[PDB]
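Asker: Encoded as structure tokens, here's the structure I'll be asking about.
Taken together, the values in this text are just the output of simple stated rules run on the coordinates, not laboratory data. For neighbour counting, all protein chains shown are included, and Cβ atoms are generated from backbone atoms with ideal geometry for every residue, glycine included.
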Amino acid sequence: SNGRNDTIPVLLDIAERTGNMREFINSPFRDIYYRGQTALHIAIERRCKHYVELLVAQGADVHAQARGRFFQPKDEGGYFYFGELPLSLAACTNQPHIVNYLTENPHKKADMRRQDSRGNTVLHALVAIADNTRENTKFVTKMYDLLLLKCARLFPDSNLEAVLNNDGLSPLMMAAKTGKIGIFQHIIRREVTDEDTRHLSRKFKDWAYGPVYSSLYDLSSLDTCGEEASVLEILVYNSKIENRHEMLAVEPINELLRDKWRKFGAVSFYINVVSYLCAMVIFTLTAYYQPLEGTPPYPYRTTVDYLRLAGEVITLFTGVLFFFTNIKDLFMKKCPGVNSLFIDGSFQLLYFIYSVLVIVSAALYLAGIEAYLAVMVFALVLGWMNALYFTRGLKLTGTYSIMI
Amino acid sequence: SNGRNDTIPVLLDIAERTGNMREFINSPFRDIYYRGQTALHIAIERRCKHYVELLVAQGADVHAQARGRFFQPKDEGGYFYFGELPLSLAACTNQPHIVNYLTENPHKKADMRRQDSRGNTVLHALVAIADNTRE
Amino acid sequence: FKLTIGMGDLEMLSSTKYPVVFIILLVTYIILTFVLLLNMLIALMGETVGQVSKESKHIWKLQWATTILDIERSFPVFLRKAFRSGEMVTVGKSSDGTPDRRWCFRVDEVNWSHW
Amino acid sequence: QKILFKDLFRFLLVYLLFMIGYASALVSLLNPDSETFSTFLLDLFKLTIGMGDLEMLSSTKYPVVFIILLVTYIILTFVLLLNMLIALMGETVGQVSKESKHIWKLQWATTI
Ligand SMILES: Cc1nc(C)c(-c2csc(Nc3ccc(C(=O)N4[C@@H]5CC[C@H]4CN(c4ncc(C(F)(F)F)cn4)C5)cn3)n2)s1
């Protein structure tokens with residue numbers, strides 16, 4: 001009633017005279033639909049600071065995990081996932097005063113580095129509840145910064161962001177692959193002007209000379225060369241379809257990609273082009289010079305036969321290389337479906353068909369005498385329509401191939 | 001520190017006691033990446049009118065040309081081209097008061113018609129730094 | 001199919017009775033074939049280009065980025081370490097006074113507004 | 001002039017790539033040899049126009065696969081034509097509809 005139920009203090013007094021005060025404070029719900037939730041969670045959700053203060057005074061467990069089926073992510077049959085922890089719940093409903101009291105009280109302090117059943121810390125939960133709307137991000141970023149700075153001041157030895165959940169993620173990577181641009185950009189571009197804990201910033205100002213400001217970003221986790229699950233690979237591959245295009249446009253991501261291009265990316269793609277064309281013209285020459293009289297394998301005695309054998313073996317080597325690369329690619333990442341097949345999946349599908357055609361052509365060449373020409377010619381047919389793969393380098397030809 | 005370094009007058013006094021005050025004021029950088037820049041350029045760029053006043057009074061070369069590789073147009077491997085001149089530098093960072101002081105002071109006035117190595121006058125440099133943005 | 005292309009024989013058209021319905025149905029056949037071609041063309045010229053305006057640019061960006069990342073991944077660890085973007089800038093003293101020594105990345109901007 | 005030079009290079013390159021690939025494959029599989037290559041090459045464009053011969057279509061075995069491949073060749077030629085149409089139409093609306101007046105003005109000024 002109007003935020004105050006006067007019978008609670010007297011009820012707690014009766015309980016403490018009875019001798020089960022601690023047993024009474026934290027009584028968890030037992031139904032499968034509300035398991036784990038205690039009175040502390042209800043007090044925090046009700047946004048009643050006085051009641052949670054009075055409830056934790058006598059020994060309320062500030063680490064009781066509300067892991068019921070109601071407190072699950074919306075994708076797992078639930079309504080509200082706040083992080084399965086009283087402090088995570090307080091930080092996930094925009095109650096800075098409740099967080100300040102829980103983290104700093106004489107009675108019992110709940111450390112912000114604690115992880116729930118899922119392994120998500122307070123920052124992970126705050127990322128999980130974050131939305132792309134302006135108003136939600138407005139306080140999500142504020143609470144994230146507040147919690148990180150408070151943990152740094154309390155525990156200068158470690159960084160709260162560096163903890164990994166049971167999925168191996170971090171708040172930055174979790175926001176990257178979940179699709180929360182609002183907190184992703186804030187985490188990437190955050191800067192701590194305060195000198196006490198300036199080390200946990202990812203954007204410094206190197207130097208300035210008049211109207212020329214040089215700000216240097218941090219790529220300690222954006223590019224690690226296959227060592228710490230770089231955010232770039234996660235964003236390009238594992239992120240959701242809708243937000244990926246505009247979340248790949250953050251200030252140090254586009255510059256990093258263009259630098260990789262101009263460094264090794266720009267001409268590695270071109271070499272690939274010339275090698276593919278050379279191998280393909282070798283394929284065509286081997287195709288045209290195959291004799292139509294005789295059952296394979298043929299007798300190789302002349303220099304023309306030696307050249308034909310060299311072309312055949314180089315074709316088989318290229319085909320098996322393409323097959324191995326496609327197999328490794330399909331093993332590394334799960335098979336995509338709609339909204340991701342048109343990115344590349346169709347193209348390595350055609351290249352897989354090409355490798356299969358080359359392999360089956362070799363199998364027939366081993367024993368069969370007939371239909372070798374047909375299957376090899378059809379492989380060549382599929383080959384020169386796969387030259388449309390190397391059109392992304394040019395602005396227009398990429399689309400020219402995409403619509404085809 | 002907070003726009004004021006108290007050691008400058010003491011250093012200048014020591015220099016004028018030891019007899020290399022003029023040598024000490026205009027000390028050009030020797031590296032390829034910052035050649036020509038003098039203390040006057042740093043004072044102007046820092047937006048400290050008091051120090052540019054207190055530095056030019058003793059005979060700072062108000063025509064020293066900062067023609068290093070850093071002070072080159074962005075098309076020739078550089079970050080900031082301001083006209084290679086203290087007056088051009090003051091005019092290219094929106095400092096009307098420092099321009100007024102440099103053009104009108106009892107000690108040594110830099111004429112606005114002076115041209116740098118490229119021949120660009122103050123107006124040419126001000127055109128060069130201009131962008132199409134409204135501000 | 002031969003009549004679909006256009007080259008055909010009139011003798012077989014009326015060889016097996018019922019010529020009027022044959023002619024009408026074959027004419028509607030060609031009309032429907034033309035309508036199906038137009039059914040491709042309408043979505044090809046207008047709606048496909050409507051997607052090309054923005055979604056094609058986005059898919060180009062993804063297609064180029066994924067090739068860059070695959071090219072990087074195929075390289076061994078030490079080669080990628082040699083071809084590592086960004087400088088090796090030290091930031092400042094740590095809690096114990098040690099330098100940060102963090103692989104940062106410098107981007108330059110020009111701002112005439114704030115002084 | 002964009003049609004005749006600017007994109008004609010790309011269109012011709014793609015067309016010649018597809019044509020050389022398909023013609024080389026077809027001639028390579030067929031058996032009777034330089035003259036036969038040219039004869040079948042010109043027969044390829046003859047069938048492309050539409051006037052062709054049935055006897056030489058199934059001249060050397062494998063009837064179904066050559067029928068399918070020739071159908072695909074005709075389909076891809078039509079697809080290249082329609083890709084030319086689609087590239088001309090819509091993609092450059094935002095460019096042409098605004099830049100036509102500008103390029104008129106530049107050409108008229110430089111003529112003066
Ligand atoms: C869509 C795709 N999926 C896969 C699996 C793809 C794939 C993986 S590897 C590959 N094909 C390769 C492999 C390796 C090399 C190779 O030896 N190199 C690369 C990088 C260093 C060295 C020399 N080079 C280069 N050196 C300096 C500059 C400077 F001037 F900028 F400094 C520019 N370039 C290019 C070339 N090509 N293709 S692609």
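Asker: Out of all the residues in region C:101-115, which are surrounded by fewer than 16 Cβ atoms within 10 Å (Cβ to Cβ) and either within 13 Å of the ligand (Cβ to nearest atom) or more than 37 Å from the chain's Cα centre (by Cα) (or both)?
Answerer: C:101, C:112, C:113, C:114, C:115
Asker: Here's a follow-up. Given (1) of a type outside the set (D, E, K, R); (2) surrounded by fewer than 17 Cβ atoms within 10 Å (Cβ to Cβ); (3) facing chain C (nearest Cβ under 7 Å), identify the lone condition not met by residue A:254.
Answerer: Among (1) of a type outside the set (D, E, K, R); (2) surrounded by fewer than 17 Cβ atoms within 10 Å (Cβ to Cβ); (3) facing chain C (nearest Cβ under 7 Å), residue A:254 violates only (3).
Asker: Select from region C:66-100 the residues that are of a type in the set (A, V, I, L, M, F, W, C), under 33 Å from the mean Cα position of the chain (by Cα) and either in a helix (DSSP H, G or I) or away from the ligand (no atom under 16 Å from the Cβ) (or both) and list them in ascending order.
Answerer: Going residue by residue through region C:66-100, those that are of a type in the set (A, V, I, L, M, F, W, C) are C:68-69, C:71, C:75, C:77-79, C:82-83, C:88-89, C:91.
If we keep only those that are under 33 Å from the mean Cα position of the chain (by Cα) too, we end up with C:68-69, C:71, C:75, C:77, C:79, C:82-83.
C:68, C:69, C:71, C:77, C:79, C:82, listed by residue number.
Asker: Right, next: Here are B:128, B:110: which of them is in contact with a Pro (Cβ under 8 Å, 6 or more places away or on another chain), within 23 Å of residue B:54 (Cβ to Cβ) and of a type outside the set (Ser, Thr, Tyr)?
Answerer: B:110
Asker: Moving on. Cβ contacts < 8 Å: first residue near the ligand (Cβ under 6 Å from one of its atoms), restricted to region A:253-272; second residue not in a helix (DSSP H, G or I), any location; separation 6+ or different chain. Result?
Answerer: Qualifying pairs under 8 Å: A:263/C:83; A:263/C:85; A:264/C:75; A:264/C:83.
Asker: Return the residues of region A:178-227 that are surrounded by fewer than 16 Cβ atoms within 10 Å (Cβ to Cβ) and more than 12 Å from chain C (Cβ to nearest Cβ); say none if nothing qualifies.
Answerer: Within region A:178-227, A:193, A:194 qualify.
Asker: Going residue by residue through region C:53-65, is there one that turns out to be in a helix (DSSP H, G or I), within 14 Å of chain D (Cβ to nearest Cβ) and within 16 Å of the ligand (Cβ to nearest atom)? If you could, list the steps in order and put the result at the bottom.
Answerer: Filtering region C:53-65 down to residues in a helix (DSSP H, G or I) leaves C:53-65.
After this cut, where a residue has to be within 14 Å of chain D (Cβ to nearest Cβ) as well, the list is C:53-57, C:60.
Next, from what is left, pick out any that are within 16 Å of the ligand (Cβ to nearest atom): C:60.
Yes, the conditions are met somewhere in region C:53-65.
Asker: Now, a different point. Which of the numbered conditions does residue A:111 fail, given that it passes all the others? Conditions: (1) assigned to a loop (DSSP other than H, G, I, E, B); (2) within 21 Å of residue A:188 (Cα to Cα).
Answerer: (2) is the only condition that residue A:111 fails.
Asker: On to the next question. Looking at A:25, A:42, which is the one that is within 15 Å of residue A:84 (Cα to Cα) and out of contact with any strand residue (DSSP E or B) (no Cβ under 6 Å at 6 or more places or on another chain)? Give the steps one after another, and end with the answer.
Answerer: Working: A:25 fails: within 15 Å of residue A:84 (Cα to Cα).
Being within 15 Å of residue A:84 (Cα to Cα) and out of contact with any strand residue (DSSP E or B) (no Cβ under 6 Å at 6 or more places or on another chain) holds for just one of A:25, A:42, which is A:42.
Asker: Across region A:235-252, what is the total count of residues that are within 14 Å of the ligand (Cβ to nearest atom) and touching a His at 6+ places or on another chain (Cβ under 9 Å)? Show your work before the answer.
Answerer: Residues of region A:235-252 that are within 14 Å of the ligand (Cβ to nearest atom), as a first pass: A:236-237.
Of the ones still in play, those that are also touching a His at 6+ places or on another chain (Cβ under 9 Å) are none.
Result for region A:235-252: 0.
Asker: Hey, another quick one. Restricting region A:366-392 to residues that are under 15 Å from residue A:291 (Cα atoms), crowded, with 19+ Cβ neighbours inside 10 Å and not β-branched (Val, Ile, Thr), which is nearest to the other protein chains (Cβ to nearest Cβ)?
Answerer: So, considering only residues that are under 15 Å from residue A:291 (Cα atoms), crowded, with 19+ Cβ neighbours inside 10 Å and not β-branched (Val, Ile, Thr), the one nearest to the other protein chains (Cβ to nearest Cβ) is A:373.
Asker: Additional query: Identify the single condition in (1) more than 11 Å from every other protein chain (Cβ to nearest Cβ); (2) touching an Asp or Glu at 6+ places or on another chain (Cβ under 9 Å); (3) within 16 Å of the ligand (Cβ to nearest atom) that residue A:323 does not satisfy, given that it satisfies every other one.
Answerer: Every condition holds for residue A:323 apart from (2).
Asker: Could I ask something else about it? If residue C:64 satisfies all but one of (1) over 30 Å from residue A:156 (Cα atoms); (2) exposed (fewer than 10 other Cβ atoms within 10 Å of the Cβ), what's the number of the condition it fails?
Answerer: (2)
Asker: Oh, and also: Filter region A:194-215 down to the residues that are in a strand (DSSP E or B) and in contact with a helix residue (DSSP H, G or I) (Cβ under 6 Å, 6 or more places away or on another chain) and list them by number.
Answerer: First, the residues of region A:194-215 that are in a strand (DSSP E or B): A:203-208, A:213-215.
Passing the criteria: only A:203.
Asker: Please work out if residue A:351 is in a helix (DSSP H, G or I), away from the ligand (no atom under 16 Å from the Cβ) and in contact with a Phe, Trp or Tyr (Cβ under 6 Å, 6 or more places away or on another chain). Write out each step before concluding.
Answerer: Values: in a helix (DSSP H, G or I): yes; away from the ligand (no atom under 16 Å from the Cβ): no; in contact with a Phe, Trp or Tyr (Cβ under 6 Å, 6 or more places away or on another chain): yes.
No, not satisfied.
Asker: For region D:42-50, does any single residue satisfy the condition of being crowded, with 16+ Cβ neighbours inside 10 Å, of a type in the set (D, E, K, R) and at negative phi?
Answerer: For region D:42-50, residues crowded, with 16+ Cβ neighbours inside 10 Å, of a type in the set (D, E, K, R) and at negative phi: present.
Asker: With within 14 Å of the ligand (Cβ to nearest atom) and either of a type outside the set (A, V, I, L, M, F, W, C) or out of contact with any strand residue (DSSP E or B) (no Cβ under 9 Å at 6 or more places or on another chain) (or both) as the only criterion, which of A:330, A:366, A:292 stands out? Give the derivation first.
Answerer: Numbers: A:366 fails: within 14 Å of the ligand (Cβ to nearest atom); A:292 fails: within 14 Å of the ligand (Cβ to nearest atom).
So the residue among A:330, A:366, A:292 that is within 14 Å of the ligand (Cβ to nearest atom) and either of a type outside the set (A, V, I, L, M, F, W, C) or out of contact with any strand residue (DSSP E or B) (no Cβ under 9 Å at 6 or more places or on another chain) (or both) is A:330.
Asker: Could you say which residue among A:149, A:172 is surrounded by fewer than 19 Cβ atoms within 10 Å (Cβ to Cβ), among the hydrophobic types (A, V, I, L, M, F, W, C) and part of a helix (DSSP H, G or I)? Full working, then the answer.
Answerer: Values: A:172 fails: surrounded by fewer than 19 Cβ atoms within 10 Å (Cβ to Cβ).
The conditions single out A:149.
Asker: Among (1) farther than 26 Å from residue D:7 by Cβ; (2) away from chain C (no Cβ under 13 Å); (3) exposed (fewer than 13 other Cβ atoms within 10 Å of the Cβ), where does residue D:59 come up short?
Answerer: Only one criterion is unmet by residue D:59, namely (3).
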